[PDB]
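# Survey of secondary and tertiary structure
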Amino acid sequence: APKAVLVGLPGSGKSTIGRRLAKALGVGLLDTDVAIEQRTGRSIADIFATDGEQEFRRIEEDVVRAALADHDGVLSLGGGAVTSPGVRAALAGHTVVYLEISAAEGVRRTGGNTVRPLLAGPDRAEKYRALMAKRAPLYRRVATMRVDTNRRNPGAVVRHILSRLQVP
Ligand SMILES: Nc1ncnc2c1ncn2[C@@H]1O[C@H](COP(=O)(O)OP(=O)(O)CP(=O)(O)O)[C@@H](O)[C@H]1O
Ligand SMILES: O=C(O)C1=C[C@@H](O)[C@@H](O)[C@H](O)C1
């Protein structure tokens, strides 16, 4: 059982924070997007382009359920992880930290050049607003703790988290 599951829109910090939240607790971090690229031997960019999100979402669903019982440290979920009705029920009972972010910073932190299937230019922001709107509800449903990583220092966020994870 993960010491904490991290969910949030791509660009919310899931990785930056998943590392500091894991290194501070003394437990390895784990990414579902990365776990899938291993169990399949295929890049998520391909699995999407060739087989499709439909099938991908299934594979992710199976991989997540797999980590919710195997991993003992910090677990990080892919953006649309919470769109899978099955994934949301596997999260029931876990410590789920929803890292919130506004369309402003979210898009500013994702304008790099990593191949994001669901977030590709042009109008890469309209796409972000949509993802945010459509999913925001979902993240609330599975989140046992809502932390804002918007205006904050990657470390000051982990600071905030650990306190609320030790206090009732
Ligand atoms: N709490 C925070 N405050 C300030 N900037 C932060 C932040 N957390 C992360 N960032 C910045 O946001 C950028 C993207 O962060 P991150 O890589 O964690 O996205 P992500 O893991 O949510 C996306 P994906 O789901 O695609 O893997 C980095 O440049 C990072 O420095
Ligand atoms: O927003 C999403 O649903 C995604 C986020 C990434 O982590 C990858 O899992 C993939 O690009 C899909």
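Here every chain is numbered from 1 following its written sequence, which may not line up with the entry's numbers; residues without coordinates are dropped from view. Chains and ligands are labelled by the order in which they are written, letters from A for the one and numbers from 1 for the other. As a rule here, side-chain values come from all non-hydrogen atoms in the structure, and water together with hydrogens is ignored.

What the deposited record gives as its method is X-ray crystallography, and the resolution it gives is 2.90 Å.

Let us now look at the site of ligand 1. Proximity criterion: a residue is near a molecule or strand once any of its heavy atoms comes within 4 Å of it. Close contacts around ligand 1 come from 14 residues, with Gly11, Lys14, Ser15, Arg116 and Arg152 the closest. We define a polar contact as two N or O atoms separated by no more than 3.5 Å, with the added condition that, inside protein, one atom must be a possible hydrogen donor and the other a possible acceptor, whereas residues neighbouring each other in sequence contribute only through side-chain atom pairs. With respect to ligand 1, the side chain of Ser15 contributes an N or O atom lying 2.7 Å from an oxygen atom. Residue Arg109 places a side-chain N or O atom 3.3 Å away from a nitrogen atom belonging to ligand 1. Computed with a 1.4 Å probe, the accessible areas rest on the Shrake-Rupley method; for each residue, only the protein chains presented here act as cover. Compared with its free state, where it exposes 650 Å², ligand 1 has 73% of that area covered by protein. Most atoms of ligand 1, that is more than half of them, are within 2 Å of grid points of the largest pocket. Broken down by element, the residue count for the shell around ligand 1 peaks at three residues, all from helix α1 (residues 14-25). Basically, the charged four are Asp, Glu, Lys and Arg, the nonpolar ten are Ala, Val, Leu, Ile, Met, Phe, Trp, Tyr, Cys and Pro, and anything else, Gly included, counts as polar. Classifying every residue of the shell around ligand 1 gives four nonpolar, six polar and four charged. Within this scheme a cavity is a closed region of a 1 Å grid, computed over the protein atoms alone, that accommodates a 1.4 Å probe without allowing it to escape, whereas a pocket is open but has protein on both sides within 12 Å along at least five of seven lines; lining residues each have an atom within 4 Å of a point. Occupancy of a cavity or pocket is assigned to a molecule whenever over half of its atoms lie within 2 Å of that pocket's grid points. By the criteria applied, helices consist of DSSP H or I runs no shorter than four residues and strands consist of E runs no shorter than two, each listed in order from the N terminus.

A few words now on the site of ligand 2. Around ligand 2 lies a shell formed by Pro10, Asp33, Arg57, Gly79, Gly80, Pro117, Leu118 and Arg135. Contact distances for ligand 2 include 2.7 Å between an oxygen atom and a side-chain N or O atom of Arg57. For ligand 2, an oxygen atom lies 2.9 Å from a polar atom in the backbone of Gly80. Calculation on ligand 2 without its partners gives an accessible area of 310 Å², and the protein chains cover 91% of this total. Because more than half of its atoms lie within 2 Å of the grid, ligand 2 is assigned to the largest pocket.

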